[PDB]
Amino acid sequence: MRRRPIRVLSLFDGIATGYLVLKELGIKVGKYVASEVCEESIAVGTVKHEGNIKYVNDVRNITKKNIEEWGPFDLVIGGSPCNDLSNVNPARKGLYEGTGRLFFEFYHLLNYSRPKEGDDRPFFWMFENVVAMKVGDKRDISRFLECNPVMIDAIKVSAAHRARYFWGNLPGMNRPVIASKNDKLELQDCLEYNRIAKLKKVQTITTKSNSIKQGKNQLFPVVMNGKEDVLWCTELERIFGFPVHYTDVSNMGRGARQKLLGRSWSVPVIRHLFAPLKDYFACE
């Protein structure tokens, strides 16, 4: 019949990128339930979205009954913590221990919220994680979600390297990534006034400050007034494609804002992936 607003379950929501991208595409959001544990992340989603996100705390306390009452859901998205799967951490604990084993919570709740076989209604889902991960882990995640991932590197639509895997059933996930007119594709596009970018594309940004200085010998990315400098948080926000000051919340400083941004999604990549949904739910 007619278009209805989208109802979203979002696990490991971070700074509510899922909501922001849907809103930026013009999709009416009817319900957005977010599971998230970091108090500063929750402040970002709360304040920047005027209380429209319904927070539900630790993913591991969402019950089978919770999915039924909070649902139905049209979109189930999540990107689990990659601190125990990424190659960066020598103390990685793998897929089955530490925080790696949080993926199975997404697998678990995806299955609770999936419609039954008699229901032909539209249902979409996506799971994101890093590429820098053991082959056995990449295999087992594709075993549980029952499909293979797309690899999209944010470098095609942003000023930063960021190779990520995306599993799911959205329309056109394998299609080519072409940049848009408003995409800040080079570091200079992101920088504030009176600052000079040394490089056009920066290396993958992590939660640490070392990722900002480039290469094997840790060079500063920016020149200002003759001296070298690191990136500012507004500049990080632009590289990721967030609105500037999106993380100017909760008295957070340089390190806290970089941690939130360092672990998030590239907004332009997510917009590309969610864009086919405009034709299934109500628009504004």
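Rigid core (definition): largest C-alpha set, two forms, superposition within 1.5 Å. Start at 1 and count along the sequence shown; that's the residue number.
Peer 1: Between 71-79 and 86-94, which has its CA atoms farther from the current form in 5 other deposited structures of this protein, using a rigid core superposition?
Peer 2: Taking the RMS over all superposed structures in 5 other deposited structures of this protein, 86-94 lies farther out.
Peer 1: Is the larger C-alpha RMS shift in 5 other deposited structures of this protein, relative to this form with the rigid core superposed, found in 32-40 or in 217-225?
Peer 2: It is 217-225 that deviates more in 5 other deposited structures of this protein.
Peer 1: Counting only other entries that model residues on either side of residue 180, is it left out in at least a third?
Peer 2: In all of the other entries, residue 180 has coordinates.
Peer 1: Quick test of your reading: does residue 150 have no coordinates in a third or more of the other entries compared?
Peer 2: That residue is present in all of the other compared entries.
Peer 1: Looking at the deposited entry, does 238-246 or 49-57 carry the larger mean Cα B-factor?
Peer 2: It is 49-57 that shows the higher mean C-alpha B-factor.
Peer 1: As stated in the PDB record, which stretch has the larger average Cα B-factor, 171-179 or 107-115?
Peer 2: Result: 171-179.
Peer 1: Which has the highest CA B-factor per the PDB entry: 41, 35, 218, 251?
Peer 2: Of the candidates given, the C-alpha B-factor peaks at 218.
Peer 1: Can you tell me which third, lowest, middle or highest, the CA B-factor of residue 273 falls into for its chain?
Peer 2: Middle third - that is where residue 273 ends up once the chain's C-alpha B-factors are sorted.
Peer 1: Rank-wise, by C-alpha B-factor, drop residue 90 into the lowest, middle or highest third of its chain.
Peer 2: Answer is highest: the recorded C-alpha B-factor places it there.
Peer 1: Looking at the temperature factor on the CA atom of residue 231, which third of the chain's modelled residues does it land in?
Peer 2: Residue 231: CA B-factor falls in the lowest third of its chain.
Peer 1: Could you place residue 28 in the lowest, middle or highest third of its chain by Cα temperature factor, using the values in the record?
Peer 2: Its C-alpha B-factor belongs to the highest third of this chain's values.
Peer 1: Taking the C-alpha B-factors as the PDB entry records them, is residue 194 in the lowest, middle or highest third of its chain?
Peer 2: Residue 194: CA B-factor falls in the middle third of its chain.
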